[PDB]
Structure formats: structure tokens, C-alpha cells
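File shown: input.txt (compact mmCIF, C-alpha atoms).
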# COMPACT_ATOMS: atom_id res chain seq x y z
CA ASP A 6 -10.10 -16.19 8.51
CA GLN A 7 -7.09 -14.35 9.87
CA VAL A 8 -3.74 -14.25 8.07
CA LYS A 9 -3.00 -15.49 4.55
CA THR A 10 -0.16 -14.36 2.29
CA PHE A 11 -0.77 -14.81 -1.44
CA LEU A 12 1.88 -14.82 -4.16
CA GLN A 13 1.51 -12.85 -7.39
CA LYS A 14 4.00 -12.47 -10.22
CA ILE A 15 4.71 -9.30 -12.16
CA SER A 16 7.21 -10.10 -14.88
CA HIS A 17 9.12 -7.69 -17.10
CA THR A 18 7.11 -8.99 -20.07
CA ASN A 19 3.75 -8.28 -18.50
CA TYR A 20 1.72 -6.20 -20.94
CA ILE A 21 0.95 -3.62 -18.24
CA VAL A 22 4.55 -2.59 -17.58
CA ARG A 23 5.44 -3.08 -21.15
CA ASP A 24 2.91 -0.48 -22.12
CA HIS A 25 3.45 1.81 -19.14
CA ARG A 26 6.81 3.38 -18.88
CA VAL A 27 7.90 6.44 -16.98
CA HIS A 28 11.17 7.91 -18.23
CA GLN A 29 11.65 4.80 -20.27
CA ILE A 30 11.41 2.60 -17.24
CA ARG A 31 8.73 -0.09 -16.88
CA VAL A 32 6.64 0.41 -13.74
CA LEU A 33 3.43 -0.99 -12.25
CA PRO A 34 0.50 1.41 -11.97
CA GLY A 35 -0.54 1.69 -8.32
CA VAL A 36 -4.16 1.26 -9.30
CA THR A 37 -3.39 -1.99 -11.01
CA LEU A 38 -3.21 -3.49 -7.49
CA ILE A 39 -6.87 -2.78 -6.99
CA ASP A 40 -7.57 -5.53 -9.56
CA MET A 41 -5.18 -7.88 -7.84
CA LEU A 42 -6.98 -7.55 -4.55
CA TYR A 43 -10.31 -8.23 -6.13
CA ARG A 44 -9.02 -11.33 -7.90
CA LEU A 45 -7.43 -12.67 -4.71
CA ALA A 46 -10.26 -11.78 -2.38
CA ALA A 47 -12.57 -13.88 -4.46
CA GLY A 48 -10.45 -16.73 -3.27
CA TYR A 49 -9.76 -16.01 0.34
CA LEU A 50 -13.12 -14.80 1.52
CA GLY A 51 -15.53 -16.64 -0.66
CA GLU A 52 -16.84 -14.77 -3.62
CA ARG A 53 -18.63 -12.22 -1.49
CA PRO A 54 -18.62 -8.75 -2.95
CA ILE A 55 -16.05 -6.49 -1.26
CA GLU A 56 -14.72 -2.94 -1.37
CA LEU A 57 -11.60 -1.08 -0.36
CA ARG A 58 -10.95 1.82 1.94
CA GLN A 59 -8.03 3.96 3.08
CA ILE A 60 -5.81 2.87 0.23
CA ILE A 61 -2.26 4.06 0.23
CA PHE A 62 0.03 3.67 -2.72
CA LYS A 63 3.63 3.35 -1.72
CA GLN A 64 6.57 2.12 -3.73
CA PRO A 65 6.17 1.62 -7.49
CA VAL A 66 6.64 -1.93 -8.78
CA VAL A 67 9.48 -1.56 -11.32
CA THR A 68 10.71 -4.28 -13.66
CA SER A 69 13.86 -4.75 -15.63
CA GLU A 70 15.48 -7.02 -18.17
CA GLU A 71 17.63 -7.96 -15.24
CA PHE A 72 14.75 -8.86 -12.86
CA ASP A 73 11.08 -9.61 -12.54
CA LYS A 74 9.05 -9.09 -9.40
CA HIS A 75 7.28 -11.27 -6.91
CA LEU A 76 4.54 -9.66 -4.95
CA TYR A 77 3.26 -10.80 -1.56
CA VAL A 78 -0.37 -9.99 -0.75
CA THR A 79 -1.14 -10.49 2.90
CA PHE A 80 -4.62 -10.56 4.35
CA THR A 81 -4.68 -9.88 8.07
CA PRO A 82 -7.83 -10.08 10.15
CA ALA A 83 -9.08 -6.96 11.78
CA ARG A 84 -11.99 -4.96 13.05
CA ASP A 85 -15.05 -6.03 11.02
CA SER A 86 -12.66 -6.04 8.08
CA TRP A 87 -9.29 -7.16 6.83
CA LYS A 88 -6.06 -5.34 6.51
CA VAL A 89 -4.27 -5.88 3.28
CA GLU A 90 -0.69 -5.18 2.40
CA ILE A 91 1.29 -5.73 -0.72
CA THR A 92 5.03 -5.98 -0.76
CA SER A 93 7.43 -7.13 -3.43
CA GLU A 94 10.82 -8.51 -4.20
CA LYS A 95 13.17 -9.02 -7.09
CA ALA A 96 13.06 -12.42 -8.80
CA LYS A 97 14.65 -14.11 -11.76
CA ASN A 98 13.56 -17.10 -13.81
CA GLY A 99 10.76 -17.84 -11.37
CA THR A 100 12.73 -17.63 -8.18
CA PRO A 101 12.92 -14.71 -5.74
CA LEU A 102 16.28 -13.31 -4.87
CA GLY A 103 15.95 -13.00 -1.14
CA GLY A 104 16.71 -9.34 -0.88
CA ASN A 105 14.80 -6.42 0.52
CA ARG A 106 11.07 -6.09 0.29
CA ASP A 107 9.39 -2.93 -0.80
CA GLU A 108 6.06 -1.91 0.50
CA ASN A 109 3.76 -1.20 -2.38
CA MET A 110 0.35 -0.70 -0.95
CA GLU A 111 -2.00 -0.95 2.00
CA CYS A 112 -5.73 -0.76 2.45
CA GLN A 113 -8.67 -2.03 4.49
CA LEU A 114 -10.94 -4.57 2.91
CA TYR A 115 -14.62 -4.63 3.90
CA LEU A 116 -17.48 -6.73 2.85
CA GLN A 117 -19.78 -4.81 0.53
CA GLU A 118 -23.41 -4.82 1.62
CA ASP A 119 -24.56 -1.30 0.77
CA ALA A 120 -25.95 -0.07 -2.51
CA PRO A 121 -24.33 2.49 -4.74
CA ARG A 122 -24.69 6.03 -3.61
CA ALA A 123 -24.05 7.60 -7.02
CA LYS A 124 -27.22 8.25 -9.03
CA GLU A 125 -27.25 7.08 -12.64
CA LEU A 126 -26.58 9.44 -15.51
CA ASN A 127 -27.87 9.91 -18.98
CA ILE A 128 -24.78 9.20 -21.01
CA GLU A 129 -26.27 10.17 -24.35
CA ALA A 130 -27.69 13.38 -23.07
CA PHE A 131 -24.39 14.34 -21.44
CA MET A 132 -22.53 13.84 -24.69
CA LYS A 133 -25.01 15.64 -26.94
CA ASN A 134 -25.30 18.56 -24.65
CA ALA A 135 -21.72 18.68 -24.18
CA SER A 136 -20.10 21.89 -24.15
CA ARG A 137 -16.45 20.89 -24.73
CA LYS A 138 -14.82 17.78 -26.09
CA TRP A 139 -11.26 16.55 -26.34
CA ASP A 140 -9.80 13.52 -28.14
CA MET A 141 -8.67 10.49 -26.14
CA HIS A 142 -5.12 11.24 -27.04
CA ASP A 143 -4.71 14.87 -26.01
CA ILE A 144 -5.59 14.07 -22.46
CA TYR A 145 -2.76 11.54 -22.50
CA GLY A 146 -0.58 14.43 -23.70
CA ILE A 147 -0.25 15.35 -20.12
CA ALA A 148 1.37 12.06 -19.29
CA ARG A 149 3.56 12.20 -22.35
CA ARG A 150 5.02 15.50 -21.63
CA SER A 151 5.53 14.38 -18.09
CA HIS A 152 7.54 11.44 -19.54
CA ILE A 153 4.90 8.86 -19.05
CA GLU A 154 4.30 6.67 -22.04
CA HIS A 155 1.33 4.49 -22.58
CA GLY A 156 1.55 1.62 -25.02
CA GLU A 157 -1.10 -0.43 -26.82
CA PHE A 158 -2.45 -2.33 -23.90
CA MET A 159 -2.59 0.57 -21.52
CA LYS A 160 -3.65 3.40 -23.73
CA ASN A 161 -7.42 3.84 -23.88
CA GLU A 162 -9.31 5.17 -26.92
CA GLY A 163 -12.04 7.72 -26.76
CA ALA A 164 -12.90 11.26 -25.89
CA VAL A 165 -13.54 13.58 -22.93
CA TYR A 166 -16.68 15.65 -22.63
CA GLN A 167 -17.04 18.66 -20.42
CA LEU A 168 -20.28 20.28 -19.35
CA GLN A 169 -20.12 23.93 -18.24
CA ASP A 170 -16.77 23.55 -16.75
CA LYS A 171 -18.40 21.71 -13.88
CA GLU A 172 -18.61 18.10 -15.04
CA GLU A 173 -16.59 15.64 -17.01
CA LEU A 174 -17.25 12.36 -18.82
CA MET A 175 -14.57 10.10 -20.28
CA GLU A 176 -15.58 7.59 -22.92
CA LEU A 177 -13.01 4.89 -22.72
CA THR A 178 -12.40 1.77 -24.78
CA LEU A 179 -9.59 -0.72 -24.75
CA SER A 180 -7.34 -1.61 -27.63
CA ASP A 181 -8.18 -4.93 -29.19
CA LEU A 182 -5.18 -6.54 -27.47
CA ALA A 183 -6.33 -5.14 -24.13
CA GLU A 184 -9.86 -6.10 -24.86
CA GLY A 185 -9.06 -9.77 -25.00
CA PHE A 186 -8.20 -9.75 -21.31
CA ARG A 187 -11.15 -7.66 -20.12
CA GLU A 188 -12.89 -10.63 -18.87
CA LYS A 189 -9.82 -12.13 -17.33
CA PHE A 190 -9.50 -9.26 -14.94
CA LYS A 191 -11.90 -8.31 -12.18
CA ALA A 192 -11.23 -4.67 -13.04
CA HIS A 193 -9.01 -4.07 -16.03
CA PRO A 194 -5.95 -2.11 -15.03
CA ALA A 195 -6.04 -0.20 -18.28
CA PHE A 196 -9.50 1.05 -17.42
CA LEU A 197 -8.43 1.81 -13.85
CA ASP A 198 -5.30 3.75 -14.90
CA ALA A 199 -7.11 5.90 -17.44
CA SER A 200 -9.82 6.62 -14.93
CA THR A 201 -7.34 8.19 -12.56
CA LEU A 202 -7.12 10.88 -15.17
CA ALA A 203 -10.56 12.14 -14.20
CA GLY A 204 -10.86 15.88 -13.96
CA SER A 205 -8.04 16.57 -16.36
CA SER A 206 -10.28 18.74 -18.48
CA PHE A 207 -10.94 20.89 -15.48
CA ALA A 208 -7.86 23.02 -15.76
CA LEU A 209 -6.84 22.25 -19.40
CA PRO A 218 3.33 15.00 -12.91
CA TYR A 219 0.53 14.04 -10.49
CA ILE A 220 0.72 10.53 -9.09
CA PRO A 221 -1.91 8.54 -7.32
CA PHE A 222 -1.41 8.49 -3.59
CA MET A 223 -4.43 7.67 -1.42
CA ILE A 224 -7.98 6.48 -1.99
CA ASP A 225 -10.64 6.82 0.66
CA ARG A 226 -12.95 4.30 -0.92
CA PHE A 227 -13.10 2.24 -4.07
CA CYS A 228 -15.86 -0.20 -4.78
CA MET A 229 -16.68 -2.42 -7.92
CA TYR A 230 -20.33 -3.09 -8.27
CA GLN A 231 -20.30 -4.72 -11.66
CA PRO A 232 -17.73 -5.95 -14.17
CA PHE A 233 -16.54 -3.58 -16.82
CA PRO A 234 -18.00 -3.78 -20.32
CA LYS A 235 -16.19 -2.95 -23.52
CA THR A 236 -16.66 0.76 -23.12
CA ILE A 237 -16.94 2.64 -19.86
CA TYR A 238 -17.88 6.15 -18.89
CA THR A 239 -15.93 7.77 -16.17
CA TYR A 240 -17.84 10.62 -14.67
CA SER A 241 -16.26 13.28 -12.48
CA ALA A 242 -17.55 16.51 -10.91
CA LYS A 243 -15.91 19.77 -10.09
CA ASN A 244 -17.72 20.10 -6.78
CA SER A 245 -16.13 16.88 -5.59
CA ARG A 246 -12.65 18.28 -6.18
CA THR A 247 -10.60 19.86 -3.44
CA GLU A 248 -7.02 20.92 -3.35
CA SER A 249 -4.25 22.14 -1.13
CA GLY A 250 -4.67 25.68 0.05
CA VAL A 251 -7.82 25.92 -1.98
CA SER A 252 -6.57 28.14 -4.78
CA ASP A 253 -3.12 27.02 -5.82
CA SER A 254 -1.54 27.43 -9.20
CA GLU A 255 0.68 24.44 -8.46
CA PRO A 256 -0.91 22.37 -5.74
CA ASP A 257 0.91 19.68 -3.80
CA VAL A 258 -1.99 17.34 -3.57
CA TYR A 259 -5.34 17.51 -4.99
CA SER A 260 -8.17 15.05 -4.76
CA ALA A 261 -11.49 14.12 -6.39
CA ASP A 262 -14.22 11.42 -6.63
CA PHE A 263 -15.12 9.67 -9.81
CA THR A 264 -17.86 7.27 -10.81
CA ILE A 265 -17.61 4.72 -13.57
CA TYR A 266 -20.74 4.16 -15.60
CA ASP A 267 -21.82 1.98 -18.07
CA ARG A 268 -23.55 3.24 -20.97
CA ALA A 269 -27.04 2.51 -19.91
CA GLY A 270 -26.18 4.63 -16.93
CA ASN A 271 -25.61 1.96 -14.32
CA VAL A 272 -22.99 2.39 -11.64
CA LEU A 273 -20.05 0.08 -12.30
CA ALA A 274 -17.68 1.51 -9.78
CA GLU A 275 -17.24 4.28 -7.24
CA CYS A 276 -14.16 6.05 -6.15
CA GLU A 277 -14.21 8.39 -3.25
CA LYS A 278 -11.51 10.93 -2.90
CA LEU A 279 -8.64 9.88 -5.14
CA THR A 280 -5.76 11.89 -3.92
CA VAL A 281 -2.91 12.51 -6.26
CA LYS A 282 0.51 14.07 -5.68
CA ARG A 283 2.53 16.09 -8.18
CA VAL A 284 6.15 14.94 -8.33
CA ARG A 285 9.33 16.80 -9.14
CA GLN A 286 10.90 15.37 -12.32
CA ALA A 287 14.29 15.15 -10.77
CA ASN A 288 12.99 13.33 -7.75
CA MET A 289 11.16 10.87 -9.91
CA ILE A 290 14.22 10.30 -12.10
CA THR A 291 16.34 9.44 -9.06
CA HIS A 292 13.61 7.31 -7.69
CA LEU A 293 12.89 5.21 -10.82
CA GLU A 294 16.52 4.84 -11.72
CA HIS A 295 17.27 3.53 -8.24
CA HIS A 296 14.50 1.04 -8.71
CA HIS A 297 15.83 0.04 -12.10
CA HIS A 298 19.39 -0.54 -10.98
CA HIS A 299 20.58 -3.90 -9.90
Once you've parsed the file, please lay out its structure as C-alpha cells.
Amino acid sequence: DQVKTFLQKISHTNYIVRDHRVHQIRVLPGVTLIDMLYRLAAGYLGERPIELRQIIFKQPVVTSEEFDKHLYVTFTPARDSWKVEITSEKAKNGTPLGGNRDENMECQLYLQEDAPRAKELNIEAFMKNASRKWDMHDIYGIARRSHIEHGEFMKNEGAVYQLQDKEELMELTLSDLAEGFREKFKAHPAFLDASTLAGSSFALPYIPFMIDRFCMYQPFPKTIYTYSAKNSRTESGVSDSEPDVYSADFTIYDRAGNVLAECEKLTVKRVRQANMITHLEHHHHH
């Protein structure tokens, strides 16, 4: 235990980027990296359950016909924990190109030893005593009109329930294609991505940007239930019609009401279209 850099490959043909494009450019969801860390940890620590804290998402992983990407995950020993950083580089036909390295993400990895703090929930009762409901395609309408396009593998099926304007529950299921990989992941990126959409009904381009804590307690089943509460949401200046940042907590349930995952304070940042266009097109250019 100390320092250990691991190599991961994100190719242009990877189903994630294929089915996640922003302004017609293939990018890597920032939350996707949460799965990567969990897969790699299992190898570098032992399989010992672990969580993540102080996550920062920082340069999008973009692919092209012209280039794939190689990612470098580096575990560095630290204070009763490990620091983790992910960088990346252009590659082609299996070989990196030797250019500049982008920083993609950082966090602090701790050993998990504490039980979930989020009390179970009666899924059935929430749904039946649901107050408002939206299809699992109108919620995505927000991404679409912000020029984000989910394809087969990344687009979840289901519906969003709202209770008194105060709580939300997202019934999510993978596409059959996506479903075939659900056990190959530690946390399916499709599930993770869609879950960052928690709280969308409250208030019906905001990009993930920091996470105070994320923790997997159990592997995802075929359908999950992402719960989110209004009282856990805060935002810049309190009462902004167009906030700069806002942030919330979500909990992922199974169906029997067990805690599968916890996310504390997912902070997201709205982006100017024009800034994002410049940004992604710079990334796309070789």
C-alpha cells in the first residue's frame, strides 16, 4: 500500500460514449468513473468494501473517430485513506500518443465500515400514494433540449413519482443491451448517470461537479429506485431563478426497500451552451 497507477481504456466504440453524446460529440459521464474506481479498488486493496468522498469531476473524457482514450488511475496513500486521481490521454490502435494529460477526476477513498444512514422506504406505498408522475422519457427531455442525447445503453426506462412536491422516486430499468452488462459492472454507469437526474421533478444544462460522499452497499438489481428529498436540496443564494450551482443527496433503493447506495451532496453546475460548445469541440479536435 502506497502508490499504484492502473490503466483503463475508453475507446470510441465503448457503448457508454456511443450512447451519450453532447452536441453530437461522444463524451464520458463523470459519474461513470465511480464504477471504475470500485472495479479497480477491488484489486488494489483486497475486496474490502470502500466508499468515496470529496469527489471532483474535472475534464470530460471525449472520444473521436480519430482517437480513443487511455485513462490512468493512480492510488496514492494518505491519511487513513487513499487519494485517487484519474487522468487521460489520446491513444490510437492500442497505443497512447504521448501528448498532454487531462485531469478527469479526484477523490478520497476510505474503507467502508459504517452502516447505511438512510432508512428504508416503502416503494409500493410511495408509488401508490403518489401525487405526480412523469414518464421516463420526459425527464430526459431536459437533457435533449440541452443537446445531450442518450442512446440505447445509457437511456433508462421508467417513471418519476413525486409526493407533495417534497419527495421524488425514480423507477429505473436498463435497456436489454445495457442489462447484459449489469453484472459486469460494480455500479452500472447507466444507472449512475440517470440517478444524477434526481430532483428534476422538483422544479418541472447542469453538469455534475462535486460529490461529498458516495457509497455502494450492495450491487444493483435489474430495477432501482432513486429516492431524493427536497429538504436535502440547497442552492446558490437560496432563491435563484437560475442558480449557478445547486446540490442534493439521493439514495438508491432496491425494491424491497434496502439501501443500495448513498450519495451525499451531489453538486451540479449549469453551463453556458456556448462555453460547452467551445469546450467539447476543443476536446474533439485533433
Nearest residue to residue 283 of chain A from the set A:218, A:194, A:104, A:35 (distances using all atoms listed in the file):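 For residue 283 of chain A, the nearest of the candidates is A:218.
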Pick from A:129, A:248, A:262, A:184, whichever lies nearest to residue 224 of chain A using all atoms listed in the file: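 So, comparing all the options, the nearest one is A:262.
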Check which residues of segment 74-160 of chain A sit at most 12 Å from segment 17-28 of chain A using all atoms listed in the file, and return one row each with the closest pair of atoms and their distance in Å to one decimal, ordered by chain and rising number, as a tab-separated table.
residue	atom	partner	partner_atom	distance
A:74	CA	A:17	CA	7.8
A:75	CA	A:17	CA	11.0
A:95	CA	A:17	CA	10.9
A:96	CA	A:17	CA	10.3
A:97	CA	A:17	CA	10.0
A:98	CA	A:17	CA	10.9
A:99	CA	A:17	CA	11.8
A:148	CA	A:27	CA	8.9
A:149	CA	A:27	CA	9.0
A:150	CA	A:28	CA	10.3
A:151	CA	A:27	CA	8.4
A:152	CA	A:28	CA	5.2
A:153	CA	A:27	CA	4.4
A:154	CA	A:26	CA	5.2
A:155	CA	A:25	CA	4.8
A:156	CA	A:24	CA	3.8
A:157	CA	A:24	CA	6.2
A:158	CA	A:24	CA	5.9
A:159	CA	A:24	CA	5.6
A:160	CA	A:24	CA	7.8
Nearest candidate to residue 268 of chain A (options A:176, A:52, A:71, A:162; using only C-alpha atoms):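 That would be A:176, the residue with the smallest distance to residue 268 of chain A.
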Surrounding residues of residue 112 of chain A excluding itself and chain neighbours under 3 positions, 8 Å, all atoms listed in the file, as JSON, numbers by chain: {"A": [57, 58, 59, 60, 61, 88, 89, 90]}
Counting all atoms listed in the file, the residue of A:62, A:191, A:255, A:261 that sits nearest residue 204 of chain A: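 For residue 204 of chain A, the nearest of the candidates is A:261.
Near residue 297 of chain A, within 8 Å and counting all atoms listed in the file, sit residues 30, 67, 68, 69, 293 and 294 of chain A, not including residues fewer than 3 positions from it in the same chain.
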Could you write out that same residue set with C-alpha atoms as a PDB file, in the frame of the given file?
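Generated output (part.pdb):
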ATOM      1  CA  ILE A  30      11.410   2.600 -17.240  1.00  0.00           C
ATOM      2  CA  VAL A  67       9.480  -1.560 -11.320  1.00  0.00           C
ATOM      3  CA  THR A  68      10.710  -4.280 -13.660  1.00  0.00           C
ATOM      4  CA  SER A  69      13.860  -4.750 -15.630  1.00  0.00           C
ATOM      5  CA  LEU A 293      12.890   5.210 -10.820  1.00  0.00           C
ATOM      6  CA  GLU A 294      16.520   4.840 -11.720  1.00  0.00           C
TER       7      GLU A 294
END
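You will find atom CA of residue 192 of chain A at 24.0 Å from atom CA of residue 246 of chain A.
Checking A:139, A:233, A:263, A:190 one by one against residue 172 of chain A, counting all atoms listed in the file, you find the shortest gap at A:263.
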All residues 12 Å or closer to residue 245 of chain A, all atoms listed in the file, same chain fewer than 2 positions away omitted, as a list in words: residues 171, 172, 173, 203, 204, 207, 240, 241, 242, 243, 247, 248, 259, 260, 261, 262, 263, 264, 276, 277, 278, 279 and 280 of chain A
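Across the model, the gap from atom CA of residue 266 of chain A to atom CA of residue 125 of chain A is 7.7 Å.
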One-decimal distance in Å that lies between atom CA of residue 147 of chain A and atom CA of residue 196 of chain A: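 Those two atoms sit 17.2 Å apart.
With all atoms listed in the file as the atoms that count, the residue of A:178, A:49, A:116, A:299 with the shortest distance to residue 102 of chain A is A:299.
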For residue 140 of chain A: contacts at 7 Å, all atoms listed in the file, fewer than 6 positions along chain excluded, given as a list in words: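 Everything that qualifies: residues 163, 164 and 165 of chain A.
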I'd like the contact shell of residue 168 of chain A - 10 Å cut-off, only C-alpha atoms, skipping same-chain residues fewer than 5 positions apart - returned as a PDB file with C-alpha atoms, keeping the file's coordinate frame.
ATOM      1  CA  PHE A 131     -24.390  14.340 -21.440  1.00  0.00           C
ATOM      2  CA  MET A 132     -22.530  13.840 -24.690  1.00  0.00           C
ATOM      3  CA  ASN A 134     -25.300  18.560 -24.650  1.00  0.00           C
ATOM      4  CA  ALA A 135     -21.720  18.680 -24.180  1.00  0.00           C
ATOM      5  CA  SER A 136     -20.100  21.890 -24.150  1.00  0.00           C
ATOM      6  CA  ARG A 137     -16.450  20.890 -24.730  1.00  0.00           C
ATOM      7  CA  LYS A 138     -14.820  17.780 -26.090  1.00  0.00           C
ATOM      8  CA  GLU A 173     -16.590  15.640 -17.010  1.00  0.00           C
ATOM      9  CA  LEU A 174     -17.250  12.360 -18.820  1.00  0.00           C
ATOM     10  CA  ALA A 242     -17.550  16.510 -10.910  1.00  0.00           C
TER      11      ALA A 242
END
N, CA and C atoms are what I want for segment 33-46 of chain A; can you complete it accordingly and write them as an mmCIF file, keeping the file's coordinate frame?
data_model
loop_
_atom_site.group_PDB
_atom_site.id
_atom_site.type_symbol
_atom_site.label_atom_id
_atom_site.label_comp_id
_atom_site.auth_asym_id
_atom_site.auth_seq_id
_atom_site.Cartn_x
_atom_site.Cartn_y
_atom_site.Cartn_z
ATOM 1 N N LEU A 33 4.761 -0.432 -12.456
ATOM 2 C CA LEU A 33 3.430 -0.990 -12.250
ATOM 3 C C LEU A 33 2.469 0.052 -11.701
ATOM 4 N N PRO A 34 1.410 0.394 -12.533
ATOM 5 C CA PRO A 34 0.500 1.410 -11.970
ATOM 6 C C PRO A 34 -0.014 1.000 -10.588
ATOM 7 N N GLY A 35 -0.063 1.954 -9.664
ATOM 8 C CA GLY A 35 -0.540 1.690 -8.320
ATOM 9 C C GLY A 35 -1.961 1.169 -8.295
ATOM 10 N N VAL A 36 -2.782 1.668 -9.213
ATOM 11 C CA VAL A 36 -4.160 1.260 -9.300
ATOM 12 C C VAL A 36 -4.352 -0.138 -9.848
ATOM 13 N N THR A 37 -3.424 -0.622 -10.603
ATOM 14 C CA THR A 37 -3.390 -1.990 -11.010
ATOM 15 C C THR A 37 -3.626 -2.968 -9.846
ATOM 16 N N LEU A 38 -3.089 -2.660 -8.676
ATOM 17 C CA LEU A 38 -3.210 -3.490 -7.490
ATOM 18 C C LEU A 38 -4.614 -3.625 -6.981
ATOM 19 N N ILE A 39 -5.467 -2.686 -7.318
ATOM 20 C CA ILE A 39 -6.870 -2.780 -6.990
ATOM 21 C C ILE A 39 -7.482 -4.044 -7.622
ATOM 22 N N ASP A 40 -7.132 -4.317 -8.876
ATOM 23 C CA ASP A 40 -7.570 -5.530 -9.560
ATOM 24 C C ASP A 40 -7.038 -6.756 -8.880
ATOM 25 N N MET A 41 -5.789 -6.735 -8.487
ATOM 26 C CA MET A 41 -5.180 -7.880 -7.840
ATOM 27 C C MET A 41 -5.927 -8.274 -6.595
ATOM 28 N N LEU A 42 -6.272 -7.306 -5.774
ATOM 29 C CA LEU A 42 -6.980 -7.550 -4.550
ATOM 30 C C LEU A 42 -8.340 -8.174 -4.775
ATOM 31 N N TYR A 43 -9.039 -7.694 -5.774
ATOM 32 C CA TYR A 43 -10.310 -8.230 -6.130
ATOM 33 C C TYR A 43 -10.222 -9.656 -6.670
ATOM 34 N N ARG A 44 -9.183 -9.989 -7.422
ATOM 35 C CA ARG A 44 -9.020 -11.330 -7.900
ATOM 36 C C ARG A 44 -8.729 -12.280 -6.755
ATOM 37 N N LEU A 45 -7.855 -11.874 -5.848
ATOM 38 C CA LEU A 45 -7.430 -12.670 -4.710
ATOM 39 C C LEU A 45 -8.497 -12.790 -3.647
ATOM 40 N N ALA A 46 -9.208 -11.724 -3.356
ATOM 41 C CA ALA A 46 -10.260 -11.780 -2.380
ATOM 42 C C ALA A 46 -11.187 -12.914 -2.731
#
